[PDB]
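Down below is the structure, laid out as structure tokens.
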Amino acid sequence: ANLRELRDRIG
Amino acid sequence: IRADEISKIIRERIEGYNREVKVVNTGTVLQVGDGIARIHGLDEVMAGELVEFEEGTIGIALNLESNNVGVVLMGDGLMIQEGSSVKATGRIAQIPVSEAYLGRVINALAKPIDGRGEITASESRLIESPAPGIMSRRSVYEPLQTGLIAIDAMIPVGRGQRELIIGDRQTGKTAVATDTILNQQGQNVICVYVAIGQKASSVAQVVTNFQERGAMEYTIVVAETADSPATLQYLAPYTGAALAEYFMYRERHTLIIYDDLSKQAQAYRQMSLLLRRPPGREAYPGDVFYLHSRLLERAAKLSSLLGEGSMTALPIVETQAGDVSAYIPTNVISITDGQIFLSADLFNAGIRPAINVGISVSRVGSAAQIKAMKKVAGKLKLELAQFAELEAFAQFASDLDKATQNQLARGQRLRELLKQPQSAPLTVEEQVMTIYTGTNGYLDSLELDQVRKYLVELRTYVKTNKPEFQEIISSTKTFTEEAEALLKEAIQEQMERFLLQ
Amino acid sequence: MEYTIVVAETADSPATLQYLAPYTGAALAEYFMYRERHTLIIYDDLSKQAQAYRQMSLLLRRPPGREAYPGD
Amino acid sequence: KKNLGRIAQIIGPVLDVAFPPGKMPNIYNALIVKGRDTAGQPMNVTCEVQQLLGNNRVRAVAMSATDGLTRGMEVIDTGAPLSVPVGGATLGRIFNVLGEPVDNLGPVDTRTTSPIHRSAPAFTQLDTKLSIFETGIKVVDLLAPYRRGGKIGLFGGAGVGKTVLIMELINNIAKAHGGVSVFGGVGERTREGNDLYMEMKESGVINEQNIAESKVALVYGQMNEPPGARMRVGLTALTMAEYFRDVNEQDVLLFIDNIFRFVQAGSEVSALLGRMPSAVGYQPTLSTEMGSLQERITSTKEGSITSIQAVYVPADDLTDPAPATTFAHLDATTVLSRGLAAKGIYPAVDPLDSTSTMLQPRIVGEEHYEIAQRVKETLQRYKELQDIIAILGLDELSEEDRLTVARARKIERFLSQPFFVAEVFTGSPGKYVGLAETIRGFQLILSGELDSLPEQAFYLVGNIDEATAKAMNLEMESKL
Amino acid sequence: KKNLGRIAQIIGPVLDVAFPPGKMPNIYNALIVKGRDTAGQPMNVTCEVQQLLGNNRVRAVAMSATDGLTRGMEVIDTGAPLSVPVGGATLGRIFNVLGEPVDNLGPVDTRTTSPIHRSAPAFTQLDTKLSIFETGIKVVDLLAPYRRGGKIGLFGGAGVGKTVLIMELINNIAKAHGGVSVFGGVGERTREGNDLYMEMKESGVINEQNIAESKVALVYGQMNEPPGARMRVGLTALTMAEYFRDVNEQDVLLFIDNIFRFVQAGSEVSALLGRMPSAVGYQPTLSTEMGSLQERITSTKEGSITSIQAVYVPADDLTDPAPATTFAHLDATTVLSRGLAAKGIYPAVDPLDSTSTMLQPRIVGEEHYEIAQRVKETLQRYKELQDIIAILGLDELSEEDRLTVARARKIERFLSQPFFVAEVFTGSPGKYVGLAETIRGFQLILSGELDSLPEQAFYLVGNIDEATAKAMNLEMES
Amino acid sequence: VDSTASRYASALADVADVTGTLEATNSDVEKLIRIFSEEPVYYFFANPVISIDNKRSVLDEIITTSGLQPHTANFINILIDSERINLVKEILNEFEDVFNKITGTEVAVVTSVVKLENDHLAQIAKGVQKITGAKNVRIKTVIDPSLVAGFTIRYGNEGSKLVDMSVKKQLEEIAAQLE
Ligand SMILES: Nc1ncnc2c1ncn2[C@@H]1O[C@H](COP(=O)(O)OP(=O)(O)OP(=O)(O)O)[C@@H](O)[C@H]1O
Ligand SMILES: Nc1ncnc2c1ncn2[C@@H]1O[C@H](COP(=O)(O)OP(=O)(O)OP(=O)(O)O)[C@@H](O)[C@H]1O
Ligand SMILES: Nc1ncnc2c1ncn2[C@@H]1O[C@H](COP(=O)(O)OP(=O)(O)O)[C@@H](O)[C@H]1O
């Protein structure tokens, strides 16, 4: 869930 | 490339090889690693049987491999010598248990370590024992006075629950567990605190605060320092559970605190790696989940047929940098009845104790509260989640409605009444009167800092004025209408007394 | 369905037949394509086929690679 | 059968057993150890052989504990897989993986029995019936309709409301069913299984005064068990349900919780059976095993099985290989979120990620499909708007956009219903909402005629009428 | 005679030694091996037994360089663990890993030795007194007080201020603290082990003439030795302080720098001993390795050990297994940020990630704990607002929010303090500030009697009057 | 050399040293090597798809036809039931090795064009007895028309130590030519 939440913060 | 062929065993077996004999009664030592010994011989030994070395250090025959036995050590193997003989103890890892252990600091070896004397216990119990099944259990239906108003209103822990106290570094977890133990001084529960792999100064500090607060007649402190091997640390919570499990079989309500469980988990990771078992995610074994399950499922409430002696776990797990996605936090969350997550960011922000009420779970719910608190704390945690989520959004706004802003104020008053100081227990009478003064909007007319400074004086006021409130709430456990009328008069006259101020 | 062939090998099959099935679809489409006739083929999905082949490799002690998928 | 196999190695839960070179058991046979316990009496520790190793030694898996098993014990082949009792005797009895009655009642009628390991039905014996059935939970009714006879997953994390939802779903469906139900507990809290047993003893579906008139059979392989029990309780329960649908030919139900503990048990025992580790630590035999288990759960031309199973998701990551595998073998999937969980909206079903195969124009009616896709539309609009209105502010949107924000903020609260089993957790009497009421509520909320109601009026209300009466309650209290 | 055997293998610093069959060396017995040099006979290579491999063979990590070690040389087992000299001889001397002088002076007493693998004092022998130990730095004095007798951990990345901080703590403390202070240099530069020595010698702490009255012992496992030596210098310094604390009853100080190298030593040798790798790179026996040092560094009723130590967190990661297992055996952590270092507020102590077990109102009183609590509250309020500030700025806030942002912007600068050591870097000479005046400075900040004067006034000062006179001074130079 | 095989060979040498039957077991394993030099009988015993009772029977017929003491045969019994049968050729090469090592019959090889007599063999025998501590020094000779002037003597645990007095001078010269 770390990479998904990091991608979503990027977005 | 393969062990058990060390050219002295080969001649020992080649001198007689017209035979089918067995050498069950003895066994030799082939390797002595960093706490794990490979044994040749022992052609009858169980998996888990206690095996004693030539020095006199006992061990457990964990891995029963083909021709040789990989035995772990319940001590430091500095004086083991290879080629020397081992034995079989015949019993499978029992510790003595009786009601003379109460108040004494014990090793994981179940031998006392405060030097206060040797302890006597006739009946013994295995350190590993199966959990009670479905017939010898019942629903959790008694309360448990933790003393903290936040947990006792919003995350109701009851007698027979296992509430994981999960958190981060230095965020108040052991403080929560110690207040839970120290509060019980008139309820007759047998507290057990198994300190696994903690700093010895912290063990002595906790036992000194215990013996100064008077809980030396309750507890047993099953504490070993960091200098135990991996095996003693891995075994310690099973010893603590054996003691408390003995007690709850004797229809006494107990309370056990595992502190921590990631320390037992890393201890088990050591032995899974030094016995060359395969590692999994983050080099943990696959079966550390089953380890925590077999340890943690032993705590529940016994049925009406087995004396109804409950047993409550309160395992403690720290999370590095505040996550859950790691292995051992996720496992212990999935096993326990709910979890209490303590956030260090609400901790540094004055909110102490720092219970993040959003993601803290109580799986037993208001069937673990008395009828009084069950009435007044009916829809409390959910409405507080709503107030927190709409206060987070009302910062994205400029102008609001007065109705919702008054709602934000009342939610702030509910938020302010739940900060409980350390070593300051609230009783259930104090708790329910505080929460009735809170949830009905009797606080919405004063300033923020005045909330607790008003509430403590009101509580002392009803202490010294209305014992009929105490008797109604205590004897009958139900929030009747006469008590509510008493409380409303108390709030009104207290408001006039502060209006004089 | 007057022209569509649908080869299929569901999840309950071994990894062997899941690995095989797209090649049988490809051989049928190859044959019909070599009869001077235009064709089409749908693979659904290559992820399940790759998981089947990865399991077939890791069971045969072929060395694992990136995210356990073998080097093939 | 009738050989004498000796234990040759015990690495915890796995055993290595050797046989005389004449007879050797088949894969998935059932060994049984004539060992001894601590008191010296003969105790059986049942086992399943998972692997032929060569040099006339095979590798077993213990269905019970190993503490007390000695290198030099004797085992007896049964020449069969683990047969489990079936019929009308398996009704109202708690059952282990070993087919033994765990509840303190007498034995079971073992003249009719069935082996655990069989193969899934043929392609021609699958019944293409796509009928819808009204659940009652407003989200589960409207947004994600459940297929009758088709598998259904409750994907969720830890402590979001899977078990509450599946217990309330039993409370709703089983009493209004037309057949038998079976419950298989695979790795759950023992006290929660006993909570279910007591709540169903008082809910009459056991009717324990007269056995075999019960309508539920309970199997439990929970968390305090060695990996064999958890790895095979799903197969035991599925064999019971398969008997109930194949010989009786009646609609059966099968609530499987928790299936992630089944896969985890497989991986736990699989790392030690010699297999290389797959992705992040599950077994290499993941997908074909979930096929060998799931594809037996199917509707058929004799009697359908609707299988509401609760799938755990580790770390709330649907990427994880066990949810990634489990998604394929399910029809009507439901995603339980943590955001809506701590937000207060229970049930925490994520409206945008929960998606079914039954929500169709030609399967679930025109007005339902239009209203459902429209609700998902306006919520996707709000969740897209969120990271803008965070930093921008609320006075810098247009009337259509702020109207969308407020209407979505009503909708999200209205999809929260106080369950029957959650009265302990909410503080409200239980609710049951019809499909008609839910589509009426969303027509009324969306079309505009309720934007004068409070955005806490739709919190934990059953009908839109109850939302209006709660709105009157709130406003009257505030005006005093 | 002691039993002697031959080495069968050598894999770098890991030496596999076979013996005659009946007579085997114990665990942790040292193996003085004769070896061969180019000139003469070296013999300085020395091995301690870690494992027993069977077939009358042990495996033993070499403490010194492993070249010279030809396969098939005679290895004599001493019969005891590795035993270093201690008592009055080590004082004022720089020692090696095996307890041998490396400062090129006269031979020390080879008589009053003690083995390094002695066990920890029993749980009965613990003392339970909690007293604050003021050092004069604002961030340790207000926020996370250090404890007399408690182990104190300093964390941080590479070059974020750990060694200047431990040298400043030594500068303030070790002059007046009338007990021996055993500095231990494990895994750091020999330049530091030399500059410390030259400062000690020129100051007068180590007087060459009359080296007896020195009351400071040193030992150095630097960055030029095999992993065995950097793995055992910690235990060398530990027994060299343990003798003082046990027998002379002295309050002893201990300064280790930096124990992450002592962890990495075991993580480097366990991959050579063949043991299976644990979490991402380290050995499986990691926390036991930690405890086998840390639990022996406790205070008793006989004496005291206060152990300042630097714990280098690797790759600026705080949740790596070695700092993660270091965090448990400490009485106070003071983690050193990279952001506060790059932004110039030196020392770069992370304020609200610094924690001590002694910030309790029963120890430091009500007023001090109250002021500390409110300081941490305002700092976290600014920390929460930092994202909204960094993306957009400050005008979007309420006035009551910019009051906290301004107060914490003044605090974040007043948390600096110029060092008596680091004056040679910045140029601002060292200032010692008391606790009783740090509290009053922070009370004057939080009251609002100082919020009018600017924010760079508070930067790099000592007392509060230095900040007010700084504000009065920078309005003269127009 | 603590291999999987030299432990077995060292065990058999240990048994023959405590029993006093080493110099007999040397020719015993000479017979057993001329047994296991043939691929069909070594292939019969090596491959794992032949049942165990017939292996017992046929090795017993080899014993009753060649007359061996269980001092020798129990080794093969332990090997076959320990599935170390495919390492029998390695063990039987290391048996004479450890037997020469302990009983001191050290082997010395020479490789040259040599047409030698007892003299050069004897003097190199006593010289390597003095410098290597050979209890009994035994020679090995290889005829090689390549190395022209002198010889190439090897000895040690495996023949590791070398001094060649033929072409080493040649390589020193062609190396110091350009240097
Ligand atoms: N409600 C409270 N009010 C004020 N202070 C509190 C409260 N609860 C805890 N604390 C403070 O937090 C301090 C540290 O708590 P504690 O040691 O329990 O955290 P911990 O997680 O056990 O630490 P560690 O990470 O070392 O295990 C206690 O000394 C106590 O003073
Ligand atoms: N108070 C300070 N003022 C100015 N510069 C400082 C200060 N503290 C640290 N520094 C800078 O940090 C650099 C390194 O600090 P220091 O050597 O003390 O710690 P370190 O390198 O982390 O220690 P080690 O690497 O030995 O563990 C110094 O060059 C110095 O320039
Ligand atoms: N519909 C609901 N209404 C109220 N509370 C709920 C609801 N669903 C879940 N909860 C909360 O979740 C907890 C139970 O979650 P559960 O389903 O047992 O966890 P898991 O999904 O991990 O099995 C209860 O404590 C309850 O407070």
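Identifiers for the structure tokens are assigned positionally: chains receive A, B, ... in sequence, residues are indexed from 1 per chain, and ligands are indexed from 1 in the order shown.
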
With DSSP run on the backbone, what are the strand (DSSP E or B) residues within stretch 89-147 of chain F? I'd like them as a PyMOL selection string. chain F and resi 105-112+136-143

Kindly provide, as a ChimeraX atom specification, the residues of chain D having any atom no farther than 12 Å from an atom of chain E, counting only C-alpha atoms. /D:390-393

Using only C-alpha atoms and all ligand atoms, what are the residues with an atom within 8 Å of ligand 2, set out as a PyMOL selection string? chain E and resi 156-167+188-189+192+257-258+310-312+341+344+346-348+416-419+422-423+425-426

Residues at most 10 Å from ligand 1, using only C-alpha atoms and all ligand atoms? Could they come as a PyMOL selection string? (chain B and resi 148+165-179+198-199+202+206+259-260+316-320+342+344+347-348+350-355+418-425) or (chain E and resi 327-332+355-362+373)

Please identify every residue of chain F that has at least one atom no more than 10 Å from any atom of chain D, counting only C-alpha atoms, and report them as number ranges by chain. F: 48-49, 51-52, 83

Using only C-alpha atoms and all ligand atoms, which protein or nucleic acid residues are at most 9 Å from ligand 3, as number ranges by chain? B: 155, 333-335, 337-338, 361-365, 382; D: 154-168, 188, 192, 257-258, 310, 312, 336, 341, 344-348, 416-427

Can you pull out every residue within 9 Å of stretch 122-125 of chain F, counting only C-alpha atoms, but drop anything in the same chain fewer than 5 positions away, and send it as a list in words? residues 108, 117, 130, 134, 136, 137, 138 and 139 of chain F

Keeping N, CA, C and O atoms for every residue in the selection just given, could you write it to a file as a tab-separated table (two decimals), in the first residue's frame?
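out19.tsv was written with the following content:
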chain	number	residue	atom	x	y	z
F	108	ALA	N	56.44	-40.67	-4.14
F	108	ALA	CA	57.21	-39.64	-4.84
F	108	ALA	C	57.22	-39.92	-6.34
F	108	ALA	O	57.61	-41.01	-6.76
F	117	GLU	N	67.86	-46.38	-12.87
F	117	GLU	CA	68.29	-47.54	-12.11
F	117	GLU	C	67.90	-47.32	-10.66
F	117	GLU	O	67.21	-46.36	-10.32
F	130	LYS	N	64.63	-37.21	4.23
F	130	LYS	CA	65.22	-36.23	5.14
F	130	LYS	C	64.43	-34.92	5.13
F	130	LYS	O	64.17	-34.34	6.19
F	134	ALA	N	59.73	-38.67	5.47
F	134	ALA	CA	59.11	-39.89	4.98
F	134	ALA	C	59.56	-41.07	5.84
F	134	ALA	O	60.75	-41.36	5.93
F	136	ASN	N	58.52	-44.47	5.39
F	136	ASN	CA	58.91	-45.27	4.25
F	136	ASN	C	58.67	-44.44	3.00
F	136	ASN	O	57.59	-43.86	2.81
F	137	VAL	N	59.67	-44.36	2.14
F	137	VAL	CA	59.58	-43.56	0.93
F	137	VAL	C	59.46	-44.49	-0.26
F	137	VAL	O	60.31	-45.37	-0.47
F	138	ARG	N	58.38	-44.34	-1.02
F	138	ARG	CA	58.13	-45.16	-2.18
F	138	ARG	C	58.00	-44.26	-3.41
F	138	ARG	O	57.54	-43.12	-3.33
F	139	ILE	N	58.43	-44.79	-4.54
F	139	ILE	CA	58.63	-44.00	-5.74
F	139	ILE	C	57.49	-44.27	-6.72
F	139	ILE	O	56.77	-45.26	-6.61
